[PDB]
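Reading through the structure tokens given below for one structure.
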Amino acid sequence: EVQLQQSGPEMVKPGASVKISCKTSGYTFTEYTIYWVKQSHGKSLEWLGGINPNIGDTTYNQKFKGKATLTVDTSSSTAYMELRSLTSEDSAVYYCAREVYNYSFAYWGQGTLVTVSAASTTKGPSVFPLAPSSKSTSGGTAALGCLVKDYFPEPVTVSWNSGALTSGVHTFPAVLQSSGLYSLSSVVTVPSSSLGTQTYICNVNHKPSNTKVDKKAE
Amino acid sequence: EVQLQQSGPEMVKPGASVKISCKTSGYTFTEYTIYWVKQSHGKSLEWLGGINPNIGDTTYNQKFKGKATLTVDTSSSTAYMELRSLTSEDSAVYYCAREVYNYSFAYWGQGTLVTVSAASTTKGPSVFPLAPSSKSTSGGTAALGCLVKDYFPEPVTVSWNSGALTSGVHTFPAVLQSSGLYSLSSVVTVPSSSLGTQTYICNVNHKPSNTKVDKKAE
Amino acid sequence: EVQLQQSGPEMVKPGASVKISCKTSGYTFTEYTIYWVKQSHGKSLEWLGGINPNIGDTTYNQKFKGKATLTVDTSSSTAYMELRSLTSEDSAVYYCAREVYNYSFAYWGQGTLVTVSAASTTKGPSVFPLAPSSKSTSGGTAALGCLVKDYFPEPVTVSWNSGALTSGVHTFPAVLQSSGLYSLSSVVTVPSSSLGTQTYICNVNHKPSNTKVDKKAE
Amino acid sequence: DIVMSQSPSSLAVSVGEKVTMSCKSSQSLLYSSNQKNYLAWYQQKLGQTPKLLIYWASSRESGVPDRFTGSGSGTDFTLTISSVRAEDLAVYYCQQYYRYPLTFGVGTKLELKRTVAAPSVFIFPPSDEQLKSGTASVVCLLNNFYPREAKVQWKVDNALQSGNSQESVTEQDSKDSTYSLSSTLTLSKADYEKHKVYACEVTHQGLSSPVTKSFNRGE
Amino acid sequence: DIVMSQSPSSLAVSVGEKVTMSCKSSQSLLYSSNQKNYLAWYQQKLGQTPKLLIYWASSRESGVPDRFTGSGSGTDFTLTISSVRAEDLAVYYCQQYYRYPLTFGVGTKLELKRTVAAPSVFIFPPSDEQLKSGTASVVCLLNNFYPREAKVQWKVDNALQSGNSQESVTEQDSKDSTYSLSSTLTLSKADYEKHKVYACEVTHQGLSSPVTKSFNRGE
Amino acid sequence: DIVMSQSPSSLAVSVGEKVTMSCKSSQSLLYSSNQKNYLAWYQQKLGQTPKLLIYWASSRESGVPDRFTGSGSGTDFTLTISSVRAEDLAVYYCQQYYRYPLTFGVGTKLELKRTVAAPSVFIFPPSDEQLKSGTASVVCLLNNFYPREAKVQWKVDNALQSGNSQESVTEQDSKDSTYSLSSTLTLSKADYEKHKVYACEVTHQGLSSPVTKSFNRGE
Amino acid sequence: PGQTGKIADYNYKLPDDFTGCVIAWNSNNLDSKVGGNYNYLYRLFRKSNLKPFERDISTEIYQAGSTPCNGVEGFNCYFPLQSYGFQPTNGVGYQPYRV
Ligand SMILES: *[C@@H]1O[C@H](CO)[C@@H](O[C@@H]2O[C@H](CO)[C@@H](O[C@@H]3O[C@H](CO[C@H]4O[C@H](CO[C@H]5O[C@H](CO)[C@@H](O)[C@H](O)[C@@H]5O)[C@@H](O)[C@H](O)[C@@H]4O)[C@@H](O)[C@H](O)[C@@H]3O)[C@H](O)[C@H]2NC(C)=O)[C@H](O)[C@H]1NC(C)=O
Ligand SMILES: *[C@@H]1O[C@H](CO[C@@H]2O[C@@H](C)[C@@H](O)[C@@H](O)[C@@H]2O)[C@@H](O[C@@H]2O[C@H](CO)[C@@H](O[C@@H]3O[C@H](CO)[C@@H](O)[C@H](O)[C@@H]3O)[C@H](O)[C@H]2NC(C)=O)[C@H](O)[C@H]1NC(C)=O
Ligand SMILES: *[C@@H]1O[C@H](CO)[C@@H](O)[C@H](O)[C@H]1NC(C)=O
């Protein structure tokens, strides 16, 4: 009866902390110890260590030790995680792992969407049209679209022409540029038989902020 | 088995009645009865009656005698209750549990909030930026806040450092003003000698109303 | 105890895709099959057919015959019936039912009572009540209702005029107007000699749009 | 067989009596081998999707309510509700699963015993706030009228023009023993400045003379 | 019509003492046959619904451990918390079903005496800019101290104006188990321009001398 | 103690081969007592949660399909995927837990190869209509290329500009099973009009001739 | 004895209290010929439940839905038997057993 749910809805500004915990339950408390590990943009799970309240005292991986000073409940069978001196470096996806005396990692939890951004104000995506400059010698087929730059927050998946050609739109993993806002690109190839005979409209679907803008590409 | 499920807060102007019951199931209409339990904002409870299964004869509390309309449904072994022209102390959440041959209530339902308001729409409270005026000789520590007034419905959260720890979230015991709309604030811990090195922003982030507004205090 | 449950609100735009599913439960899927029905949103019920997936060939009635590509799955416990060129007039709920070796449509689920529009543009809801100006010399009683504008989808529950007469729940069958959203009206009887003691107040109780505004008529 | 779609509309049925949901089958009980019949009943109430009620015209499962009273066989089928109550007042339908093509019929929409009455015609001036929206909305509303197949007469400016008014009947009433029709007038504000009089003339059965109030220019 | 009184009037009592909760009945509860009294005591968690403690005056509920003891006699049977526990932190009620109507009291809410800590109270001078907003919202903050019988004192140029002040408190916390307060001030426009001094002065038990703050023109 | 190195990064894996990616463990891991070792291998779908493949350094979980035949202990470790399917294409990990701490590599992506094909490289000059906002963006973008082994070189005024961003590349494309590497450049409007030369040199693997994209201002 | 299956229900039942012996061996290398082995079939669908030691010689059309087929086939009226379509040069695993 293992039930693990990470929780806590907050949208956080720089300089604060974060607490992602697992509401563990189902079996005898001291039988297993349940430990934590870090995920950043689809890279290897960086395991940090663990604390046993039935053991109480603190000793971790030397590499991920000092920043945390943690409380944990034996009564609710709930484990919590918090490292201190938080900056953008530890802005990462957080998982908690169930120990087995046979193998180490087979069954994982939901995960959390925790990002420590550098105080980016909520601003809509500024559509930037792109047009050719030299002769139309791209080769194979024509390529035109609308550039998406300096937007907040994630994510963007672009639907095309009122929900008709909507298979295969893609989104980058998110990084913070020197610009101070996320700059992610999403564009698709368009058939070469529609050179003029079709109208070009961009339909960005930035759902979290509920902004919907229209623009014609030439 | 004995399952009684209630849900759905209803806001109606005074003079009408709403249709809420406490539905038992699985047994013949012969034996058992029911109670309703109303709590009035940290004051006495408001019992209104119970149903006798053998004849359908009804009970009144003497003070609120003619309030209850008498209905019974023998085939379903459950009836529906309705009240009209109630007073302000009956204007709150409704609870019940199937009456037990030993004691009053054992296991409950979610309930429904009915409060008598004078057809008042939600009017936004005035938010102002905060800046210190006099010297900080209050003593102990530093604490300031923005007054949030006239909110509905529950809950409301104003964030300090975007609300990291569970300090700054609270639920007051209920009190009724002329409109009965409440005033919720947050608690923050700040050193008294560090006035000038921190930023303090107050925003209304009432989730149910789909409100998200940005604001900068210099 | 075979149970199939519906899922998914439907606001279908034409020329779009559709997600067909029926969560079969209570039985291993290799014993009993699925037969489907459409409800004509307030017309005569319409039989279409189903499938016994041993070879997969099926023929329905005319409207559900061959618009799209017909599929089935004997393994992952899902039967498939779809439509292409979905319009407002046939905008209907995809019902499916378990079968019995004696009878074809055996058990339903909770169901989905879904009202569907063809993705018309949204219009803001504006309160438009109508109240008399001079004295009401009609005599005895009158019949008036309040306008609830630009709501989608159903349902609403309404009470009227402080229970002057204990009726007043009224939500009539609506037709498709040009605005893309249906129009609501009600009826109430109120004595005309209450110039000062009773007022006409309408509570917009459209749950989907979360609109709640009252008004006191002087 | 022929897909059943009842016509003509009316075949009187009563509430609380031996209720008759009348739909006949084109075939007799002549089931070629082993003589098995295939009859169902799906009846649609408010919201609830009907379940299994009757199978094979003679037997119901254990736990199926005894409201069904067996009567009729052969080319006819008729179901009677036992002790029609508020639970038993709803829209009725019938179905069989014997041969091609399978269909659900139109069913019977229930009406209850009460005498025909007159509409509650009254005149109500439009509020100043609503006229600001760009449309003039005058409410002309009717109460306590009958039957299922009725008609409403609309006359505009001494010229017989039809197809410009909206009419729809109200469902089975809950409390005040009244049926109603919702009419929201569909015109432009330009007509309000180039025309002066907007009045409704209702000529249903219940009235002796149509109700027509007169008004002066400017409300 | 029927009165039953709990007790005490107030008691700042701690977790770890032996707190007294009793609720009195109109007459002695004992009859001959079956030797039992129809009465039950309840505890309500904050947000949660009431839960049973004692029934029939002698034994204890299956699921309710021996922490609570069944005792008392005649009109009263006792609610005793043996070493009040960490999950007992909530209000304590009494319930009666011995004589109708089911009439209820407020119950016992077990607060604790602590030394007062004063939150940083400040007031913001209203500029003429505020008149554009259309609503007056002056801020005076109280938090993190005890008890519920606190005070909000309003002095304006040595004049006492009353009838517009209220209080609002929170419940017990885990760490310090003090409360959070919210008092709202609304003023009239007439007093707004005719005076320069308006302030709130907190004078709770935990201070030695009330401080008379003042400021000079020029910031 | 033990440190682990994941490799290779991106190289096609086929159906029916014996997968072997270079995962290194610095010390022998033969646990002395009972001579039983303990190992765990990962499979994570793109962005998903990981899962076990081989435990006890030799044996697989029972009930798992036969694509999985792995083992390894001490310094010897090797993941094996037989019949790699289109959904088995993701990143695989290796991790020991014979001794704290755990060490995790940079990631190993297995791919599927097909017949040689290449896309035409694009150039993206900014449109002059957008100049209304006051910003001009010259960007070099390569999108929808396979295999993933392509690279972008930044040369401005014959000076190498790098080390200004950290990369996270796109995954498989649904249309043509391709990838995308993009770098974004931001400049000011004032110097935009008086400076002209910004270009990128593309050396894609699938091109047979050196492609030199260039643009001229004014035609 | 005690097992279940479509074969055990509509092809050949076997008593729970069966005290006997059974002999099988591979014989599909000449008793079959290319072009699918329709010679040996197995019953899948049958309207009347079989009893132990009862022969299935009827080849009635399967009656899929509640609406009777009654001599007329079509939708929800599908044929109850299908061939094996095995290849002759496969191993014993793809081959019948002669019992
Ligand atoms: C020797 O042969 C005789 C006669 O052939 C067998 O005698 C019968 O034995 C049974 C066993 O107890 C007696 O019991 C009855 O069994 C009835 C079941 O049979 C019914 O279904 C048959 C199947 O018909 C389908 O398939 C046939 C194909 O062969 C088609 O012709 C049909 O059209 C159908 O497609 C029917 O043919 C048959 O008529 C029945 O309908 C059961 O219904 C009865 O209630 C009862 O249990 C039966 O009475 C005996 N009848 C006779 C005439 O002897 C005998 O078993 C064989 N073996 C031995 C050892 O004697
Ligand atoms: C589903 O249908 C079967 C009949 O179908 C038969 O199934 C096999 C046994 C084969 O023989 C098939 O060829 C054949 O189609 C029902 O079984 C029996 O049905 C008859 C109806 O003709 C029942 O007779 C009556 O049923 C009523 C019910 O109110 C009883 O009160 C009467 O006393 C009389 O028995 C018979 O009872 C029934 N037998 C059993 C054991 O149920 C089966 O009932 C039916 N099930 C459902 C849920 O519809
Ligand atoms: C783990 O190893 C133990 C050996 O003590 C065994 O009993 C158990 O079944 C193993 N768990 C699994 C999932 O194989």
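For region D:182-205, name all the residues that are of a type in the set (A, V, I, L, M, F, W, C) and closer than 26 Å to D:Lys151 by Cα.
D:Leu185, D:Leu187, D:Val197, D:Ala199, D:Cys200, D:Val202
For region F:83-97, indicate whether the set of residues that are within 14 Å of chain A (Cβ to nearest Cβ), away from ligand 1 (no atom under 16 Å from the Cβ) and over 23 Å from A:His41 (Cα atoms) is non-empty.
Scanning region F:83-97 turns up at least one residue that is within 14 Å of chain A (Cβ to nearest Cβ), away from ligand 1 (no atom under 16 Å from the Cβ) and over 23 Å from A:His41 (Cα atoms).
Looking at region C:75-88 only, could you name the residues that are surrounded by 15 or more Cβ atoms within 10 Å (Cβ to Cβ), under 27 Å from C:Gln3 (Cα atoms) and not charged (D, E, K, R)?
C:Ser77, C:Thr78, C:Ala79, C:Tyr80, C:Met81, C:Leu83
Provide a single number: the residues in region A:1-42 that are more than 14 Å from chain B (Cβ to nearest Cβ), surrounded by 14 or more Cβ atoms within 10 Å (Cβ to Cβ) and aliphatic (A, V, I, L, M).
Looking only at that region, the number is 3.
If you check E:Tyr146 against the conditions, is it in contact with an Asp or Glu (Cβ under 8 Å, 6 or more places away or on another chain) and within 12 Å of another protein chain (Cβ to nearest Cβ)?
no
Quickly run through region F:118-147 and pick out the residues that are over 28 Å from the mean Cα position of the chain (by Cα), farther than 14 Å from A:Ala143 by Cβ and of a type in the set (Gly, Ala, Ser).
Within region F:118-147, F:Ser133, F:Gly134, F:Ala136 qualify.
Of the residues in region D:58-86, how many are within 11 Å of ligand 2 (Cβ to nearest atom) and either buried (at least 19 other Cβ atoms within 10 Å of the Cβ) or among the acidic types (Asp, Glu) (or both)?
1
How many of the residues in region C:126-154 are more than 12 Å from chain D (Cβ to nearest Cβ), assigned to a loop (DSSP other than H, G, I, E, B) and not hydrophobic (A, V, I, L, M, F, W, C)?
1
In the list G:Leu41, G:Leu30, G:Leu50, G:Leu14, which residue meets the criterion of being part of a loop (DSSP other than H, G, I, E, B), within 15 Å of ligand 1 (Cβ to nearest atom) and either surrounded by 10 or more Cβ atoms within 10 Å (Cβ to Cβ) or over 15 Å from the mean Cα position of the chain (by Cα) (or both)?
Selected residue: G:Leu50, the only one of G:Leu41, G:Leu30, G:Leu50, G:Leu14 that is part of a loop (DSSP other than H, G, I, E, B), within 15 Å of ligand 1 (Cβ to nearest atom) and either surrounded by 10 or more Cβ atoms within 10 Å (Cβ to Cβ) or over 15 Å from the mean Cα position of the chain (by Cα) (or both).
Tally the residues that are without any contact (Cβ under 8 Å) to a residue 24 or more places away in the chain and among the small types (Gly, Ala, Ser), restricting the search to region F:129-174.
The qualifying residues number 7.
Just one of A:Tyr80, A:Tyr101 is in contact with a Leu (Cβ under 7 Å, 6 or more places away or on another chain), more than 16 Å from ligand 1 (Cβ to nearest atom) and not acidic (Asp, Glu); which is it? First the steps, then the outcome.
Numbers: A:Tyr101 fails: in contact with a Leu (Cβ under 7 Å, 6 or more places away or on another chain).
Answer to the selection: A:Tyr80.
Hey, among the residues in region G:1-44 that are touching an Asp or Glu at 6+ places or on another chain (Cβ under 9 Å) and either more than 21 Å from G:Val92 (Cα to Cα) or within 14 Å of chain C (Cβ to nearest Cβ) (or both), which one's nearest to ligand 2 (Cβ to nearest atom)?
Restricting to residues being touching an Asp or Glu at 6+ places or on another chain (Cβ under 9 Å) and either more than 21 Å from G:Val92 (Cα to Cα) or within 14 Å of chain C (Cβ to nearest Cβ) (or both), the top hit is G:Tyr10.
Where in region E:31-131 are there strands (runs of 3 or more DSSP E), lying fully within it, with 3 or more residues that are closer than 24 Å to E:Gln172 by Cβ?
E:39-44, E:50-55, E:76-80, E:91-96
Taking region F:44-60 as the region of interest, how many residues are within 16 Å of the chain's Cα centre (by Cα) and either more than 9 Å from chain A (Cβ to nearest Cβ) or within 16 Å of ligand 3 (Cβ to nearest atom) (or both)?
Here the count works out to 1.
Which residue pairs have Cβ atoms closer than 8 Å, lie 6 or more positions apart in sequence or on different chains, and pair a first residue in region E:179-193 that is within 13 Å of chain B (Cβ to nearest Cβ) and touching a residue at least 12 places away in the same chain (Cβ under 8 Å) with a second residue that is among the β-branched types (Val, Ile, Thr) and in a loop (DSSP other than H, G, I, E, B)?
Here the result reads E:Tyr179/E:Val169; E:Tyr179/E:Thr170; E:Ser180/B:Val187; E:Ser180/E:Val169; E:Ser180/E:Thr170; E:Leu181/E:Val169; E:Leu181/E:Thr170; E:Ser183/E:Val152, each pair linking region E:179-193 to a residue that is among the β-branched types (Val, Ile, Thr) and in a loop (DSSP other than H, G, I, E, B).
Please work out which one of (1) touching a strand residue (DSSP E or B) at 6+ places or on another chain (Cβ under 8 Å); (2) surrounded by fewer than 19 Cβ atoms within 10 Å (Cβ to Cβ); (3) within 14 Å of chain B (Cβ to nearest Cβ) is the condition E:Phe104 fails and give its number.
Condition (2) is where E:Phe104 drops out.
Could you figure out which of (1) more than 10 Å from every other protein chain (Cβ to nearest Cβ); (2) not in a strand (DSSP E or B) isn't true of E:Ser214?
Result: E:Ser214 fails condition (1) only.
Being buried (at least 17 other Cβ atoms within 10 Å of the Cβ) and more than 14 Å from chain G (Cβ to nearest Cβ): is that true of C:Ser91 here?
yes
Looking at region A:165-200 only, could you name the residues that are over 28 Å from the mean Cα position of the chain (by Cα) and not aromatic (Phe, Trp, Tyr)?
Scanning region A:165-200 gives A:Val190, A:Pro191, A:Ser192, A:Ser193, A:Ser194, A:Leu195, A:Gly196, A:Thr197, A:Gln198, A:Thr199.
So which residues in region F:31-43 are on the phi < 0 side of the Ramachandran plot and more than 8 Å from chain A (Cβ to nearest Cβ)?
Keep residues of region F:31-43 that are on the phi < 0 side of the Ramachandran plot, which gives F:31-33, F:36-43.
If the condition is that a residue be on the phi < 0 side of the Ramachandran plot and more than 8 Å from chain A (Cβ to nearest Cβ), then F:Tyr31, F:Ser32, F:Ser33, F:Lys36, F:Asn37, F:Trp41, F:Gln43 are the ones that fit.
What's the number of the condition A:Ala79 fails, among (1) within 16 Å of ligand 3 (Cβ to nearest atom); (2) closer than 25 Å to F:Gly47 by Cα?
So A:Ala79 meets the others, but not (1).
Looking only at region B:201-218, which residues are more than 11 Å from chain A (Cβ to nearest Cβ) and either of a type in the set (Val, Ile, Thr) or within 22 Å of the chain's Cα centre (by Cα) (or both)?
Scanning region B:201-218 gives B:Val204, B:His206, B:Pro208, B:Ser209, B:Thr211.
Which one of these is more than 16 Å from ligand 3 (Cβ to nearest atom), within 27 Å of C:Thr115 (Cβ to Cβ) and in contact (Cβ under 8 Å) with a residue 12 or more places away in the chain: D:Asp88, D:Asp66?
Within the list D:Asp88, D:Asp66, the selection yields D:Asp88.
State all residues of region G:48-74 that are within 14 Å of chain C (Cβ to nearest Cβ) and not small (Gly, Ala, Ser); if no residue qualifies, say none.
G:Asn49, G:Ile61, G:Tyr62, G:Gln63, G:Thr67, G:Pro68, G:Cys69, G:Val72, G:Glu73
Can you name the residue in region D:1-57 that is within 16 Å of ligand 2 (Cβ to nearest atom), of a type in the set (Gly, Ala, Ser) and surrounded by 15 or more Cβ atoms within 10 Å (Cβ to Cβ) and, of all such residues, is nearest to D:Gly74 (Cα to Cα)?
D:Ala57
Specify which of the listed residues (A:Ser117, A:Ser85) is farther than 30 Å from A:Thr211 by Cβ, of a type in the set (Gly, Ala, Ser), in contact (Cβ under 8 Å) with a residue 12 or more places away in the chain and away from ligand 3 (no atom under 16 Å from the Cβ).
Details: A:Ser117 fails: farther than 30 Å from A:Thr211 by Cβ.
Only one candidate qualifies: A:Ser85.
Check G:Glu54, G:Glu60 and return the single one that is within 16 Å of ligand 2 (Cβ to nearest atom), closer than 25 Å to G:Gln82 by Cβ and touching a residue at least 40 places away in the same chain (Cβ under 8 Å).
Just a single option satisfies the conditions, and that option is G:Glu54.
All of the numbers you see were taken from the coordinates with simple rules; none came from a lab. Note: ideal-geometry Cβ built from the backbone for every residue, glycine included; neighbour counts use all protein chains shown.
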